[PDB]
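Asks: My file is target-v3.pdb. It has PDB, C-alpha atoms:
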ATOM      1  CA  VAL A 151      73.599  36.353  15.404  1.00  0.00           C
ATOM      2  CA  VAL A 152      73.160  36.007  11.652  1.00  0.00           C
ATOM      3  CA  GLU A 153      73.027  32.255  12.290  1.00  0.00           C
ATOM      4  CA  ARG A 154      69.758  32.597  14.209  1.00  0.00           C
ATOM      5  CA  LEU A 155      68.273  34.834  11.546  1.00  0.00           C
ATOM      6  CA  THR A 156      69.107  32.189   8.992  1.00  0.00           C
ATOM      7  CA  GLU A 157      67.518  29.895  11.587  1.00  0.00           C
ATOM      8  CA  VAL A 158      64.524  32.089  12.459  1.00  0.00           C
ATOM      9  CA  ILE A 159      63.467  33.162   8.980  1.00  0.00           C
ATOM     10  CA  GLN A 160      63.924  29.849   7.184  1.00  0.00           C
ATOM     11  CA  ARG A 161      62.036  28.280  10.079  1.00  0.00           C
ATOM     12  CA  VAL A 162      59.443  31.073   9.941  1.00  0.00           C
ATOM     13  CA  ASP A 163      59.468  30.833   6.142  1.00  0.00           C
ATOM     14  CA  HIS A 164      58.194  27.304   6.792  1.00  0.00           C
ATOM     15  CA  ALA A 165      55.288  28.576   8.889  1.00  0.00           C
ATOM     16  CA  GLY A 166      53.530  30.444   6.100  1.00  0.00           C
ATOM     17  CA  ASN A 167      54.012  27.633   3.597  1.00  0.00           C
ATOM     18  CA  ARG A 168      51.148  27.628   1.087  1.00  0.00           C
ATOM     19  CA  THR A 169      50.699  24.713  -1.325  1.00  0.00           C
ATOM     20  CA  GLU A 170      47.788  23.818  -3.594  1.00  0.00           C
ATOM     21  CA  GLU A 171      46.085  20.532  -4.358  1.00  0.00           C
ATOM     22  CA  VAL A 172      43.331  19.295  -6.655  1.00  0.00           C
ATOM     23  CA  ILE A 173      40.619  17.264  -4.915  1.00  0.00           C
ATOM     24  CA  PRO A 174      38.323  15.439  -7.366  1.00  0.00           C
ATOM     25  CA  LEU A 175      34.566  15.255  -6.888  1.00  0.00           C
ATOM     26  CA  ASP A 176      32.701  12.104  -7.863  1.00  0.00           C
ATOM     27  CA  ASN A 177      29.127  13.196  -7.121  1.00  0.00           C
ATOM     28  CA  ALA A 178      28.576  16.879  -6.367  1.00  0.00           C
ATOM     29  CA  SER A 179      29.318  19.619  -8.854  1.00  0.00           C
ATOM     30  CA  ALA A 180      32.555  21.442  -8.208  1.00  0.00           C
ATOM     31  CA  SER A 181      30.875  24.764  -8.951  1.00  0.00           C
ATOM     32  CA  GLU A 182      28.378  24.408  -6.096  1.00  0.00           C
ATOM     33  CA  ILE A 183      31.016  23.347  -3.565  1.00  0.00           C
ATOM     34  CA  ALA A 184      33.047  26.355  -4.663  1.00  0.00           C
ATOM     35  CA  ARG A 185      30.195  28.700  -3.764  1.00  0.00           C
ATOM     36  CA  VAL A 186      29.269  26.934  -0.528  1.00  0.00           C
ATOM     37  CA  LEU A 187      32.785  26.604   0.863  1.00  0.00           C
ATOM     38  CA  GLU A 188      33.431  30.242  -0.041  1.00  0.00           C
ATOM     39  CA  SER A 189      30.242  31.421   1.650  1.00  0.00           C
ATOM     40  CA  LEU A 190      31.698  30.321   4.989  1.00  0.00           C
ATOM     41  CA  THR A 191      34.718  32.588   4.644  1.00  0.00           C
TER      42      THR A 191
ATOM     43  CA  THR B 300      24.816  18.026 -21.099  1.00  0.00           C
ATOM     44  CA  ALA B 301      24.849  19.304 -17.533  1.00  0.00           C
ATOM     45  CA  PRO B 302      27.104  19.572 -14.492  1.00  0.00           C
ATOM     46  CA  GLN B 303      28.009  16.433 -12.621  1.00  0.00           C
ATOM     47  CA  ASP B 304      25.268  17.001 -10.039  1.00  0.00           C
ATOM     48  CA  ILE B 305      22.332  17.652 -12.354  1.00  0.00           C
ATOM     49  CA  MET B 306      23.396  14.710 -14.491  1.00  0.00           C
ATOM     50  CA  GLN B 307      23.109  12.190 -11.678  1.00  0.00           C
ATOM     51  CA  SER B 308      19.589  13.469 -11.110  1.00  0.00           C
ATOM     52  CA  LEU B 309      18.585  13.190 -14.761  1.00  0.00           C
ATOM     53  CA  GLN B 310      19.946   9.665 -14.874  1.00  0.00           C
ATOM     54  CA  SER B 311      17.567   8.433 -12.211  1.00  0.00           C
ATOM     55  CA  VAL B 312      14.624  10.059 -13.948  1.00  0.00           C
ATOM     56  CA  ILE B 313      15.409   8.573 -17.354  1.00  0.00           C
ATOM     57  CA  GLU B 314      15.960   5.232 -15.692  1.00  0.00           C
ATOM     58  CA  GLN B 315      12.429   5.398 -14.286  1.00  0.00           C
ATOM     59  CA  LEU B 316      10.684   6.783 -17.375  1.00  0.00           C
ATOM     60  CA  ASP B 317      12.138   4.145 -19.672  1.00  0.00           C
ATOM     61  CA  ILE B 318       9.905   1.312 -18.408  1.00  0.00           C
ATOM     62  CA  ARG B 319       8.157  -1.228 -20.629  1.00  0.00           C
ATOM     63  CA  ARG B 320       4.548  -0.567 -21.619  1.00  0.00           C
ATOM     64  CA  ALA B 321       1.691  -3.055 -21.472  1.00  0.00           C
ATOM     65  CA  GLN B 322      -0.705  -3.402 -24.372  1.00  0.00           C
ATOM     66  CA  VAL B 323      -4.429  -3.978 -24.221  1.00  0.00           C
ATOM     67  CA  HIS B 324      -6.818  -5.899 -26.451  1.00  0.00           C
ATOM     68  CA  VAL B 325     -10.248  -4.303 -26.426  1.00  0.00           C
ATOM     69  CA  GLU B 326     -13.188  -6.262 -27.811  1.00  0.00           C
ATOM     70  CA  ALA B 327     -16.638  -4.781 -28.194  1.00  0.00           C
ATOM     71  CA  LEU B 328     -19.759  -6.873 -28.611  1.00  0.00           C
ATOM     72  CA  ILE B 329     -22.715  -5.270 -30.264  1.00  0.00           C
ATOM     73  CA  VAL B 330     -25.819  -7.417 -29.929  1.00  0.00           C
ATOM     74  CA  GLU B 331     -29.201  -6.646 -31.424  1.00  0.00           C
ATOM     75  CA  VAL B 332     -32.346  -8.762 -31.375  1.00  0.00           C
ATOM     76  CA  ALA B 333     -35.390  -7.314 -33.108  1.00  0.00           C
ATOM     77  CA  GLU B 334     -38.767  -8.916 -33.501  1.00  0.00           C
ATOM     78  CA  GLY B 335     -41.687  -7.408 -35.413  1.00  0.00           C
ATOM     79  CA  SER B 336     -45.276  -8.433 -36.023  1.00  0.00           C
ATOM     80  CA  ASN B 337     -48.536  -7.049 -37.300  1.00  0.00           C
ATOM     81  CA  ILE B 338     -51.899  -8.379 -38.365  1.00  0.00           C
ATOM     82  CA  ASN B 339     -54.558  -6.773 -40.485  1.00  0.00           C
ATOM     83  CA  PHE B 340     -58.086  -8.080 -40.998  1.00  0.00           C
ATOM     84  CA  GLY B 341     -61.215  -6.381 -42.293  1.00  0.00           C
ATOM     85  CA  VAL B 342     -64.248  -6.689 -44.513  1.00  0.00           C
ATOM     86  CA  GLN B 343     -65.447  -4.224 -47.114  1.00  0.00           C
ATOM     87  CA  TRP B 344     -68.596  -3.983 -49.186  1.00  0.00           C
ATOM     88  CA  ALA B 345     -69.667  -2.105 -52.244  1.00  0.00           C
ATOM     89  CA  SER B 346     -72.757  -2.037 -54.356  1.00  0.00           C
ATOM     90  CA  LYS B 347     -74.798  -0.202 -56.949  1.00  0.00           C
ATOM     91  CA  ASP B 348     -76.307   3.194 -56.211  1.00  0.00           C
TER      92      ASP B 348
END
How does this structure look as structure tokens?
Replies:
Amino acid sequence: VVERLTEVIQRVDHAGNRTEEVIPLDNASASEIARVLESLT
Amino acid sequence: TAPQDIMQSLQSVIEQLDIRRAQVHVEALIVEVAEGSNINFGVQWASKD
């Protein structure tokens, strides 16, 4: 029974995986796009 | 000095305001032709008393 809850959690611990990435911007200003994309949500 | 968006605007303005100017050669011509004349003819007398 512990086996599953090593299974469940460390499978569920995958589900909420949150990683960050830097996307460059060749034309638009990053400060605009940061206001626009944050006005949606 | 501006953000990446405003810059790309101000580069297309400066590119279009940087054009080569033409120069002009302005001649004036001031002409004047004058022609005068006059004529004067008359007799006069005098005498004693």
Asks: Dump as a compact mmCIF listing (two decimals) with C-alpha atoms, in the frame of the given file the residues of chain B that approach chain A to within 10 Å, counting only C-alpha atoms.
Replies:
# COMPACT_ATOMS: atom_id res chain seq x y z
CA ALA B 301 24.85 19.30 -17.53
CA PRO B 302 27.10 19.57 -14.49
CA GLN B 303 28.01 16.43 -12.62
CA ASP B 304 25.27 17.00 -10.04
CA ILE B 305 22.33 17.65 -12.35
CA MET B 306 23.40 14.71 -14.49
CA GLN B 307 23.11 12.19 -11.68
Asks: Each side padded by 6 Å, which centre and which edge lengths in Å (one decimal) define the axis-aligned box around the listed atoms of segment 172-186 of chain A? Give them as JSON.
Replies:
{"center_x": 35.9, "center_y": 20.4, "center_z": -4.7, "size_x": 27.0, "size_y": 28.6, "size_z": 20.4}
Asks: What does the distance between atom CA of residue 174 of chain A and atom CA of residue 187 of chain A come to in Å, to one decimal place?
Replies: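 One can read the atom CA of residue 174 of chain A to atom CA of residue 187 of chain A distance as 14.9 Å.
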Asks: Report, in Å with one decimal, the straight-line distance from atom CA of residue 169 of chain A to atom CA of residue 156 of chain A.
Replies: 22.4 Å
Asks: Could you add whatever atoms are missing so that segment 306-326 of chain B carries N, CA, C and O atoms, then write the result as an mmCIF file, keeping the file's coordinate frame?
Replies:
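Ended up saving to rebuild-v3.cif:
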data_model
loop_
_atom_site.group_PDB
_atom_site.id
_atom_site.type_symbol
_atom_site.label_atom_id
_atom_site.label_comp_id
_atom_site.auth_asym_id
_atom_site.auth_seq_id
_atom_site.Cartn_x
_atom_site.Cartn_y
_atom_site.Cartn_z
ATOM 1 N N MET B 306 23.391 15.939 -13.714
ATOM 2 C CA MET B 306 23.396 14.710 -14.491
ATOM 3 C C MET B 306 22.901 13.545 -13.659
ATOM 4 O O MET B 306 21.978 12.835 -14.061
ATOM 5 N N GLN B 307 23.487 13.340 -12.484
ATOM 6 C CA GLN B 307 23.109 12.190 -11.678
ATOM 7 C C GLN B 307 21.649 12.219 -11.283
ATOM 8 O O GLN B 307 21.087 11.172 -10.959
ATOM 9 N N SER B 308 21.034 13.396 -11.265
ATOM 10 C CA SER B 308 19.589 13.469 -11.110
ATOM 11 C C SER B 308 18.896 12.971 -12.367
ATOM 12 O O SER B 308 18.109 12.025 -12.322
ATOM 13 N N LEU B 309 19.224 13.561 -13.513
ATOM 14 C CA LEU B 309 18.585 13.190 -14.761
ATOM 15 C C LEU B 309 18.881 11.768 -15.188
ATOM 16 O O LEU B 309 18.278 11.305 -16.152
ATOM 17 N N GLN B 310 19.811 11.075 -14.553
ATOM 18 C CA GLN B 310 19.946 9.665 -14.874
ATOM 19 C C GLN B 310 18.954 8.813 -14.119
ATOM 20 O O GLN B 310 18.602 7.734 -14.588
ATOM 21 N N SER B 311 18.534 9.232 -12.936
ATOM 22 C CA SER B 311 17.567 8.433 -12.211
ATOM 23 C C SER B 311 16.153 8.697 -12.671
ATOM 24 O O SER B 311 15.269 7.880 -12.415
ATOM 25 N N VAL B 312 15.909 9.833 -13.309
ATOM 26 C CA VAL B 312 14.624 10.059 -13.948
ATOM 27 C C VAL B 312 14.500 9.200 -15.193
ATOM 28 O O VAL B 312 13.588 8.381 -15.315
ATOM 29 N N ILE B 313 15.447 9.341 -16.118
ATOM 30 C CA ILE B 313 15.409 8.573 -17.354
ATOM 31 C C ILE B 313 15.366 7.090 -17.076
ATOM 32 O O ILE B 313 14.715 6.337 -17.798
ATOM 33 N N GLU B 314 16.032 6.641 -16.029
ATOM 34 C CA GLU B 314 15.960 5.232 -15.692
ATOM 35 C C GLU B 314 14.546 4.819 -15.329
ATOM 36 O O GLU B 314 14.155 3.678 -15.569
ATOM 37 N N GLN B 315 13.773 5.718 -14.735
ATOM 38 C CA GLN B 315 12.429 5.398 -14.286
ATOM 39 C C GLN B 315 11.340 5.758 -15.280
ATOM 40 O O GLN B 315 10.194 5.370 -15.071
ATOM 41 N N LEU B 316 11.646 6.505 -16.327
ATOM 42 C CA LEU B 316 10.684 6.783 -17.375
ATOM 43 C C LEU B 316 10.836 5.867 -18.568
ATOM 44 O O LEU B 316 10.073 5.981 -19.522
ATOM 45 N N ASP B 317 11.807 4.985 -18.544
ATOM 46 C CA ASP B 317 12.138 4.145 -19.672
ATOM 47 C C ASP B 317 11.450 2.793 -19.600
ATOM 48 O O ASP B 317 11.826 1.887 -20.336
ATOM 49 N N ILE B 318 10.501 2.616 -18.682
ATOM 50 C CA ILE B 318 9.905 1.312 -18.408
ATOM 51 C C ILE B 318 9.126 0.786 -19.610
ATOM 52 O O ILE B 318 8.760 1.518 -20.530
ATOM 53 N N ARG B 319 8.866 -0.517 -19.577
ATOM 54 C CA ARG B 319 8.157 -1.228 -20.629
ATOM 55 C C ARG B 319 6.651 -1.088 -20.486
ATOM 56 O O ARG B 319 6.106 -1.230 -19.392
ATOM 57 N N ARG B 320 5.974 -0.850 -21.603
ATOM 58 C CA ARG B 320 4.548 -0.567 -21.619
ATOM 59 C C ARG B 320 3.756 -1.832 -21.891
ATOM 60 O O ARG B 320 4.187 -2.700 -22.646
ATOM 61 N N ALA B 321 2.591 -1.932 -21.274
ATOM 62 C CA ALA B 321 1.691 -3.055 -21.472
ATOM 63 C C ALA B 321 0.697 -2.682 -22.547
ATOM 64 O O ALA B 321 0.342 -1.511 -22.678
ATOM 65 N N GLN B 322 0.272 -3.655 -23.331
ATOM 66 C CA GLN B 322 -0.705 -3.402 -24.372
ATOM 67 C C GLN B 322 -1.994 -4.151 -24.100
ATOM 68 O O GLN B 322 -1.991 -5.195 -23.452
ATOM 69 N N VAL B 323 -3.080 -3.606 -24.597
ATOM 70 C CA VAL B 323 -4.429 -3.978 -24.221
ATOM 71 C C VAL B 323 -5.148 -4.441 -25.465
ATOM 72 O O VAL B 323 -4.946 -3.874 -26.535
ATOM 73 N N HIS B 324 -5.985 -5.459 -25.344
ATOM 74 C CA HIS B 324 -6.818 -5.899 -26.451
ATOM 75 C C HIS B 324 -8.269 -5.676 -26.085
ATOM 76 O O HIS B 324 -8.796 -6.356 -25.208
ATOM 77 N N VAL B 325 -8.918 -4.761 -26.774
ATOM 78 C CA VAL B 325 -10.248 -4.303 -26.426
ATOM 79 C C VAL B 325 -11.243 -4.848 -27.424
ATOM 80 O O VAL B 325 -11.255 -4.420 -28.575
ATOM 81 N N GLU B 326 -12.101 -5.757 -26.990
ATOM 82 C CA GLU B 326 -13.188 -6.262 -27.811
ATOM 83 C C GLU B 326 -14.477 -5.562 -27.445
ATOM 84 O O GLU B 326 -14.744 -5.338 -26.272
#
